[PDB]
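Side chains are part of it too, since the values below use all heavy atoms of this structure and drop only hydrogens, waters and symmetry mates. Order of the sequence lines fixes the chain letters, A, B, ..., with proteins taken first and strands second; residue numbering starts at 1 for each chain. Remember, it's 1-based here, ligands and their atoms both numbered in the order they're listed.
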Amino acid sequence: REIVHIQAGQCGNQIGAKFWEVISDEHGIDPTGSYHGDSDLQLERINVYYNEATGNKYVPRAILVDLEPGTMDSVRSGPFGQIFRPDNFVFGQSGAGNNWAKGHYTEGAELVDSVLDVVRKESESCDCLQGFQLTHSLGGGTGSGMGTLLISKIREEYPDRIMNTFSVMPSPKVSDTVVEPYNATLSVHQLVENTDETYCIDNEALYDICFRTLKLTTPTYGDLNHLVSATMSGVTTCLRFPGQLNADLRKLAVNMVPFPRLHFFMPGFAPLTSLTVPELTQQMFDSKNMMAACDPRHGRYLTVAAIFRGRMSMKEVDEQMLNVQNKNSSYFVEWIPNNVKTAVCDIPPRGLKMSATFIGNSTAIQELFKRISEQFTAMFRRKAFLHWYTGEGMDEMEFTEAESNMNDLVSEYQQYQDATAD
Amino acid sequence: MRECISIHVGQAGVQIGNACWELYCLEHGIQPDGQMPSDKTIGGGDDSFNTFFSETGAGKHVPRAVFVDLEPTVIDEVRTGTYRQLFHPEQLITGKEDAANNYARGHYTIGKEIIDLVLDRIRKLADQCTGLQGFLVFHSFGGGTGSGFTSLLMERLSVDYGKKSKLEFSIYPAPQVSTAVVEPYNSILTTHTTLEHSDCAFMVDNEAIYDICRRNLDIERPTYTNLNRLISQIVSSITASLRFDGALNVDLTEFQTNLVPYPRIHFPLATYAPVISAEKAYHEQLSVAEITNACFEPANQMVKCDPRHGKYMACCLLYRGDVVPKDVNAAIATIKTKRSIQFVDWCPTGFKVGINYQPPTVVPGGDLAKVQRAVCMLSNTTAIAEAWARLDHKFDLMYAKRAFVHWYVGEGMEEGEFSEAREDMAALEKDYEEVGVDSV
Amino acid sequence: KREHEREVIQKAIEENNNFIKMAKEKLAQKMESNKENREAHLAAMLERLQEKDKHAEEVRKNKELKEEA
Amino acid sequence: XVXXX
Ligand SMILES: Nc1nc2c(ncn2[C@@H]2O[C@H](COP(=O)(O)OP(=O)(O)OP(=O)(O)O)[C@@H](O)[C@H]2O)c(=O)[nH]1
Ligand SMILES: Nc1nc2c(ncn2[C@@H]2O[C@H](COP(=O)(O)OP(=O)(O)O)[C@@H](O)[C@H]2O)c(=O)[nH]1
Ligand SMILES: [Mg+2]
Ligand SMILES: [Mg+2]
């Protein structure tokens with residue numbers, strides 16, 4: 001039933017804020033927290049993301065976190081800043097100079113106990129808590145370092161609940177920060193062990209989409225985020241409206257994660273203009289529309305979830321989804337029959353008349369981790385910048401463990417990509 | 001006397017339960033508020049419809065049923081639906097968190113939290129019976145509740161009721177409307193666990209029903225409401241002998257005697273006719289001879305098997321409506337001539353026939369034409385084993401790589417329980433092969 | 001014939017009783033084996049997260065030396 | 001074979 005949301009850090013609170021901006025509109029929730037919608041399908045499963053405060057006020061079951069206050073006052077001063085429960089704002093001061101260690105062990109640990117207090121306040125209220133979803137970046141320090149801390153702290157208190165994450169992978173094409181290949185490899189080391197399902201948001205992909213496809217001369221962060229929000233609203237449609245397929249976080253994981261470690265998803269969206277059903281289908285399976293910088297045709301799909309939103313012919317969707325599987329039969333592993341599922345939601349997303357959201361667990365995702373590992377080992381073979389971490393009391397072995405563990409994940413993806421039937 | 005308690009487990013079980021009890025009500029002239037103007041026996045009765053319906057002082061006719069689900073959404077719609085007044089609240093039992101398409105959760109983690117309550121409510125219904133005949137259990141093969149909890153309940157029912165009959169209506173998974181990738185797993189597990197606890201199980205292949213809806217009713221993309229309304233007609237045919245009675249009526253237990261040659265060979269193939277639209281049925285009336293022929297057309301089968309490539313071990317015909325012995329006898333004579341229909345050498349070749357003069361009714365806004373006469377054939381053919389085979393192959397492909405197995409182990413199951421279940425299925429396919437062989 | 005007529009009906013009880021017995025047992029065994037297996041899986045999960053909590057201290061207690069020198 | 005007093 002209920003999901004508890006947690007946004008952490010600069011990137012985390014930005015994408016987190018936009019996410020609420022968007023779905024609040026879909027459910028007809030204004031910045032004050034009142035309902036002014038037409039359809040009753042909107043309030044059918046509103047409880048999943050909203051608490052019903054006194055005076056029929058809908059309040060995002062969300063927790064905002066950071067080590068600098070600079071991003072969070074922008075949120076509270078933002079269009080929807082007042083919709084949030086002001087108590088759920090939990091920000092430090094000492095900050096984190098994009099140091100993963102400060103977020104995880106040092107600067108984040110004094111604040112971790114205060115965040116967890118807020119989680120318990122929201123969790124105790126849940127009729128039936130299904131789990132948590134997190135928004136954060138893996139290049140920074142707070143969202144990356146402290147986010148992974150928070151996951152671990154929450155897990156040992158809610159070990160039978162689902163842990164979901166919208167993790168933003170760093171790319172040089174968006175940030176000149178040099179230590180990002182370190183922050184990511186360190187957090188990924190945590191994600192493989194402590195999250196049940198992880199949506200990979202790749203900045204290299206978000207930029208390339210914006211520049212190449214959207215022809216944005218100079219893409220802003222808000223431009224990238226407009227893609228992220230469209231994606232997040234897409235992959236959570238089944239969670240938020242009365243439906244059949246993947247209606248909760250657990251049923252999604254059961255359908256999407258064949259092996260506990262390989263739970264890193266390649267989300268896709270169409271149309272990416274920012275329009276027919278056969279066109280939507282082909283697009284959402286195309287390399288260009290992938291929100292992770294990976295060619296799926298360089299690997300095989302383990303599992304796939306497709307969500308078609310808007311008023312369209314369900315026969316057509318069925319015929320087309322069978323079309324793409326038949327024609328691209330080679331790119332779906334034989335040893336998992338019927339690995340592709342399809343949802344259809346009547347309510348189109350704001351602006352569009354119909355959209356298609358894609359979610360794929362592909363072994364082609366290994367392309368994304370390899371890029372980070374090349375950026376990682378190039379700096380680490382020389383022991384560069386390690387003083388920022390060891391200074392915080394860390395150990396150089398913990399880097400190797402993080403390195404080798406991340407390399408194992410890639411092998412595991414290649415293993416099942418090369419597997420055969422009989 | 002000879003009461004029958006229905007148990008509807010999980011979404012499929014419940015929703016099919018809605019269609020069935022709605023239809024039953026229309027067949028017996030029972031209003032959605034339970035009142036039945038026909039029945040003059042107030043507060044009690046010995047009539048045929050009393051095997052499925054109890055009576056109250058208020059003159060209210062109450063289904064001898066229980067709806068169980070580990071999550072409230074589906075049953076909630078019943079509680080608030082058109083036939084809300086028909087039931088007593090204690091008959092509608094909901095959890096909070098479902099089994100997440102996980103057999104383990106349905107049988108253990110979540111199921112154990114509610115099994116006692118369900119049995120307590122089942123028990124309370126049994127106490128209303130002057131002579132309980134047994135239970136009918138509606139469930140899906142693919143769901144976590146439909147598979148896991150059903151097995152748990154059936155095991156518990158064997159203990160609490162010994163060897164009173166337990167019949168299944170099992171929804172066999174189809175890709176066109178599958179909700180989980182692991183439905184093959186759940187299927188093999190529930191089938192194995194329930195096998196020695198079920199006396200007779202009618203498998204409903206969704207792909208078959210999907211096909212029939214598309215072909216015979218010209219439904220573009222069939223919904224659950226579409227499939228259920230067709231399924232209900234078939235269930236109604238099978239239970240007609242229990243709910244009505246006439247001179248030509250043959251009790252379902254008599255059919256059961258012919259259909260089950262060995263305790264494990266208890267999966268009859270259902271084939272129903274006529275499935276026809278109102279447009280096609282207009283000005284075109286189907287004879288006893290015509291519908292009888294359809295029963296041997298695999299397009300009308302409820303499971304996708306090929307009886308031609310298999311051998312017959314029994315043939316029952318459950319007629320209802322405008323059917324006379326004369327026409328039936330002549331109809332089967334034709335088929336004895338116009339088909340070949342091979343039987344195993346150890347079985348006789350007669351067809352056990354039953355007739356209920358009460359004609360088929362149809363639900364309003366329904367897709368099916370209202371016909372004067374209809375028939376359901378129950379056959380025990382080796383071809384049904386094809387259903388196990390397709391499912392066992394799907395199972396084999398995933399377990400070979402232990403795909404998804406971790407979701408099951410995490411809830412407490414073992415790999416041994418998997419290989420064990422799979423071995424039983426291998427034995428069952430082998431059994432269904434053994435019976436087909438000729439004697440020496 | 002009378003002696004046999006009793007042997008038969010008592011054999012039917014004994015077999016139907018034993019079916020109830022086996023079922024009751026096979027169920028109780030696999031329901032207990034399940035409880036143990038799940039509790040164990042949760043125990044090992046909590047174990048790993050608690051050794052990360054003492055590794056986290058060995059980091060906070062490694063820096064606490066470096067600072068003071 | 002269907003056969004009623
Ligand atoms: N014919 C028919 N099949 C259904 C219906 N509802 C679900 N199914 C089938 O049931 C299977 C999934 O099992 P469900 O019954 O939905 O799941 P459940 O019993 O509620 O168990 P959990 O939700 O996992 O706890 C799918 O293969 C569906 O095709 C229905 O109303 N009619
Ligand atoms: N898409 C997107 N990425 C961001 C945003 N802000 C930061 N990032 C990415 O996050 C990384 C830096 O982490 P950051 O969030 O600034 O560190 P924090 O202070 O710990 O939250 C860089 O690789 C950026 O590309 C944003 O608003 N949108
Ligand atoms: Mg369900
Ligand atoms: Mg009466």
Notebook entry, point to check: Can A:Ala96 be said to touch ligand 2, with heavy atoms closer than 4.0 Å?
Noted result: no

Notebook entry, point to check: Should one rank A:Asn203, A:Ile201, A:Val65 by closest heavy-atom distance to atom 24 (C) of ligand 2, which comes out on top?
Noted result: A:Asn203

Note to self: So, at under 2.8 Å, which protein N, O or S atoms would a careful student list around the Mg ion (ligand 4)?
What the structure shows: B:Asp39 OD1, B:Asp39 OD2, B:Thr41 OG1, B:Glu55 OE2

Check: Against heavy atoms of A:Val174, which atoms of ligand 2 measure under 4.0 Å?
Finding: 25 (O)

Check: Under 3.5 Å, is there a donor-acceptor pair linking the side chains of B:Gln11 and A:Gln244?
Finding: yes

Notebook entry, point to check: How close does the nearest protein non-hydrogen atom get to atom 26 (C) of ligand 2, and which residue and atom is it?
Noted result: A:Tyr221 CD2, 3.7 Å

Next item on the list: Taking atom types as modelled, find out whether A:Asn99 and A:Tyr105 have a side-chain donor-acceptor pair closer than 3.5 angstrom.
Entry: no

Notebook entry, point to check: Do B:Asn228 and B:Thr225 meet the criterion of a side-chain donor-acceptor pair at a distance under 3.5 Å?
Noted result: no

Checklist line | Protein contact to atom 23 (O) of ligand 2 [nearest heavy atom, distance to 0.1 Å] | finding: A:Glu180 OE2, 2.8 Å

Check: Does a donor on one side chain sit under 3.5 Å from an acceptor on the other, for B:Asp367 and B:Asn226?
Finding: yes

Item checked: Smallest separation among heavy atoms of A:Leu368 and A:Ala292, with atom names -> CD1-CB, 4.1 Å

Next item on the list: Could you say whether the N/O atoms of A:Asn98 and ligand 2 ever approach to under 3.5 Å?
Entry: no

Note to self: As a check for students: among A:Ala17, A:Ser175, A:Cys11, identify the option with a heavy atom nearest to atom 5 (C) of ligand 2.
What the structure shows: A:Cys11

Next item on the list: If you have a sec, work out which protein heavy atom is nearest atom 16 (O) of ligand 2 and how many Å separate them, to one decimal?
Entry: A:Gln10 OE1, 2.9 Å

Notebook entry, point to check: Does an N or O anywhere in A:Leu206 fall below 3.5 Å from an N or O of ligand 2?
Noted result: no

Margin query: On a heavy-atom basis, which atom in A:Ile162 and which in A:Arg250 lie closest, and how many Å separate them?
Written below: CD1-NH1, 3.5 Å

Item checked: Atoms in ligand 2 with a heavy atom of A:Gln14 nearer than 4.0 Å -> 27 (O)

Note to self: We want to know whether B:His61 and B:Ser54 form a side-chain donor-acceptor pair, criterion being a heavy-atom distance below 3.5 angstrom.
What the structure shows: no

Check: Is there a salt bridge (charged side-chain N to carboxylate O under 4.0 Å, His left out) between B:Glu183 and B:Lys394 once you walk through the steps?
Finding: CA-CA 9 Å; B:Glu183 289 199 23; B:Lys394 282 176 170 61; over 6 Å; no

Margin query: Evaluate A:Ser137 for polar contact with ligand 2, using N/O atom pairs at a separation under 3.5 Å.
Written below: yes

Margin query: A:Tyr207: which residues meet the side-chain hydrogen bond (donor to acceptor under 3.5 Å, both in side chains) condition with it, sequence neighbours left out?
Written below: none

Item checked: Partner residues of B:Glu27 under the salt bridge (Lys or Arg N to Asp or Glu O under 4.0 Å) criterion, sequence neighbours left out -> B:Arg243, B:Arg320

Margin query: Taking the ring centre of each residue, are B:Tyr185 and B:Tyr408 less than 6.0 Å apart?
Written below: yes

Checklist line | Taking atom 20 (O) of ligand 2 as the reference point, the nearest protein heavy atom with its distance | finding: A:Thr142 N, 2.6 Å

Would you mind listing each N/O atom of ligand 1 next to any protein N/O under 3.5 Å, plus the distance?
residue  : atom   : partner  : partner atom : Å
ligand 1 : 1 (N)  : B:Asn206 : OD1          : 3.2
ligand 1 : 3 (N)  : B:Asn206 : ND2          : 3.4
ligand 1 : 6 (N)  : B:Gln11  : NE2          : 3.3
ligand 1 : 13 (O) : B:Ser140 : OG           : 3.1
ligand 1 : 13 (O) : B:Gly143 : N            : 3.1
ligand 1 : 15 (O) : B:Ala12  : N            : 3.2
ligand 1 : 15 (O) : B:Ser140 : OG           : 2.9
ligand 1 : 19 (O) : B:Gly146 : N            : 3.0
ligand 1 : 20 (O) : B:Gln11  : N            : 3.2
ligand 1 : 21 (O) : B:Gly144 : N            : 3.2
ligand 1 : 21 (O) : B:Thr145 : N            : 2.9
ligand 1 : 21 (O) : B:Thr145 : OG1          : 3.4
ligand 1 : 23 (O) : A:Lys251 : NZ           : 2.9
ligand 1 : 24 (O) : B:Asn101 : N            : 2.7
ligand 1 : 24 (O) : B:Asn101 : OD1          : 3.4
ligand 1 : 24 (O) : B:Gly144 : N            : 3.1
ligand 1 : 25 (O) : B:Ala99  : N            : 2.8
ligand 1 : 25 (O) : B:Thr145 : OG1          : 2.7
ligand 1 : 27 (O) : B:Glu183 : OE1          : 2.7
ligand 1 : 27 (O) : B:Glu183 : OE2          : 2.9
ligand 1 : 29 (O) : B:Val177 : O            : 3.1
ligand 1 : 29 (O) : B:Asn206 : ND2          : 3.2
ligand 1 : 31 (O) : B:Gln15  : NE2          : 2.4
ligand 1 : 31 (O) : B:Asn228 : ND2          : 3.3
ligand 1 : 32 (N) : B:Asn228 : OD1          : 2.7

Notebook entry, point to check: Taking both backbone and side-chain atoms of A:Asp66, is any N or O found less than 3.5 Å from an N or O belonging to ligand 2?
Noted result: no

Next item on the list: Under the side-chain hydrogen bond (donor to acceptor under 3.5 Å, both in side chains) rule, what do A:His136 and A:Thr165 come out as? Steps first, then yes or no, please.
Entry: CA-CA 8 Å; A:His136 72 302; A:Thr165 70; 5.4 Å; no

Next item on the list: Return yes if a side-chain donor-acceptor contact under 3.5 Å exists between B:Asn50 and B:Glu55, otherwise no.
Entry: yes

Checklist line | Numbered atoms and elements of ligand 2 in range of A:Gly143, under 4.0 angstrom, heavy atoms | finding: 20 (O)

Check: Which residue supplies the protein heavy atom nearest to atom 28 (N) of ligand 2, what is that atom called, and how far is it?
Finding: A:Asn225 OD1, 3.2 Å

Note to self: Could you identify the single nearest non-hydrogen protein atom to atom 17 (O) of ligand 2 and state the distance to 0.1 Å?
What the structure shows: A:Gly140 CA, 3.2 Å

Check: Would you say the side chains of B:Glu3 and B:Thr130 form a donor-acceptor pair under 3.5 Å?
Finding: yes

Note to self: Could you tell me, atom by atom, which parts of ligand 2 come under 4.0 Å of a heavy atom of A:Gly9?
What the structure shows: 21 (O)

Next item on the list: Verify whether one side chain among A:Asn246 and A:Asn255 offers a donor that lies under 3.5 Å from an acceptor in the other.
Entry: yes

Next item on the list: Classify the side-chain pair B:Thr193/B:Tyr103 by whether it contains a donor and acceptor separated by less than 3.5 Å.
Entry: yes

Notebook entry, point to check: To the nearest 0.5 Å, how far apart are OH in B:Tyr172 and CG in B:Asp205?
Noted result: 6.0 Å

Check: Short N/O distance, under 3.5 Å, between A:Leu224 and ligand 2?
Finding: no

Check: Should A:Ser144 be counted as touching ligand 2, given the test is an N or O pair under 3.5 Å?
Finding: no

Margin query: Is the distance between the ring centroids of A:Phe385 and A:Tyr182 under 6.0 Å?
Written below: no

Checklist line | Distance (rounded to the nearest 0.5 Å) between A:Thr71 OG1 and A:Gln14 CD | finding: 6.0 Å

